[PDB]
Each structure stands twice: as structure tokens, then as C-alpha cells.
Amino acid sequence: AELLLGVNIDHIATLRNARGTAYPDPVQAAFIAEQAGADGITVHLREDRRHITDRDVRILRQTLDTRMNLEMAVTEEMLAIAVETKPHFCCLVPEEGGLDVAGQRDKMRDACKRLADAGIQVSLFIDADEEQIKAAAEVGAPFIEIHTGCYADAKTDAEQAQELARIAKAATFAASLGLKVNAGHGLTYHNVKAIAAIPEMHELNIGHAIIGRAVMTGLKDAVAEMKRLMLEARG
């Protein structure tokens, strides 16, 4: 099918949480994004409940029209929450910045096993690294989300093209191991296309850039604009 867009609305909550008022509400942003180009909504439940809260998660789970992508660390608390929330997806992240799967195979194998028993499709957030990618496939996870952070932070064009190739190459290798592959982190309006051009990419999860544009332009257009650039890249 076509490249999917998962909108991370965490930053809506970081705006809210800077004051303890109820606005802006992530429940509203999710309706907007879902109707402006988002194919899924991503939330990251942090232990410190810095932005997204259990309240958001519980309501979002009842209001989303598409599917929730629960981002969380691999800890007993979160696994239990994930198990009871039954989100359609679960992206496991760290408590170059990606999860260390190669070095924690048993831990990761049990988490994937456990989340899948609860009928959740698991995605492991890792670096564009073949060792981590091979390990991901071996612990049994169906998805991986390639960290696009270093590509985004590239300081020169050389650094960027090098990072792009590492990512594209990583995606091809992962697909060959039968993994389905996503990307996200640091993606912006001016750097998303080269990543969206990568054929193996299944869905891009984008947050900060979108919210940063929304304050100026409104969430609806901010999301539609991102989706448009993404589909353009594939055309």
C-alpha cells in the first residue's frame, strides 16, 4: 500500500503540562491529525508522565478512529500497562540512541513474546545497524523503527548522505530478514522526502516538527502538508 504517517502528539501534552490546565488536549489533536493525513497516532508513556498521562492514554484508546502506537520502555510497569491497554502497536524504546537489542536478547525476546500474547504488534526502535537489525528479527519482533535522528542532526551534506545510505541500506537488509520497517525521529518538512523515498519504509512516525509547525499554521495543515510531501517523495 502507500507510505503511512503516524503522528506523535506527545508535544501537544508538553504544552499542556507546562501549566497544569487542561488545554491543549491531546484527544482533540488526535481527531484533527487522523482527519488530516495521519494513519495512526503515536503516544509515548514515560515513567515520569512528563507529557502524556494515563488519562490521555485511556481516553485516546476509546476515541482514536485509526490505531494507537504506544511508545514505552521495556520495564514491568509498562509491559503491564501495554498488556491491559491492548494498543494496536507498541514501539519499545530506551529508558546512537536506539534500543540495545543485540545486547539484551532474552529481555527483548520475552517482551515481544508477552506483548504478542496480548495481541499487540511489536516494533523495536533501533539504530540503522545490521547487528541490531538481525537481533530484532531473531527475538521475534515483526517491526523495527529505524532511528532517523543522526540523519536529521547531520551537520554537513556529506554527513547527511552518509546517514541516508546507512538508513536505506539498513532498511533493505531488515526487509530481507522479513521485518516490516518504520522510521522516525527528527524528521522535518525539509528532510522527510529522502527518507520517504526509501521503498522498504512502511510508516514514518513524526512528532516535534509537526507540532512545531502547527503552532504557526494549525495542526490540520501541518499534518496534511507532511503527508503530501511524503506521498510526493514516493511518486
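Quick note: we count residues from 1 along the sequence shown, nothing fancier. Between two forms, the rigid core is defined as the largest C-alpha subset superposing within 1.5 Å.
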Point to revise | Greater Cα displacement in 6 other deposited structures of this protein once the core is superposed, comparing 96-104 with 143-151 | key: 96-104
Check your understanding: Can you say how many deposited residues have no coordinates in the span between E95 and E96, choosing none, 1 to 3, 4 to 9, or 10 or more?
Key -> 4 to 9
Exercise for review: Averaging the C-alpha B factors as listed in the entry, name the stretch that ends up higher: 156-164 or 137-145.
Suggested key: 156-164
Study note, to complete from the structure: The residue of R58, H208, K180, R49 with the maximal C-alpha B-factor according to the PDB record is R49
Review point. Taking the Cα B-factors listed in the entry, which of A197, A38, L45, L204 comes out highest?
Key: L45
**Study point:** Third of the chain's Cα B-factor distribution that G212 belongs to, per the entry
**Key:** lowest
Exercise for review: Consider only the C-alpha atoms of the modelled residues in this chain, order them by B-factor as the entry records it, and name the third containing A233: lowest, middle or highest.
Suggested key: middle
Practice item. Report the third (lowest, middle or highest) to which the CA temperature factor of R19 belongs, ranking only the modelled residues of the same chain. Key: highest
Exercise for review: State the tercile, meaning the lowest, middle or highest third, of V7 with respect to the CA B-factors recorded for its chain.
Suggested key: lowest
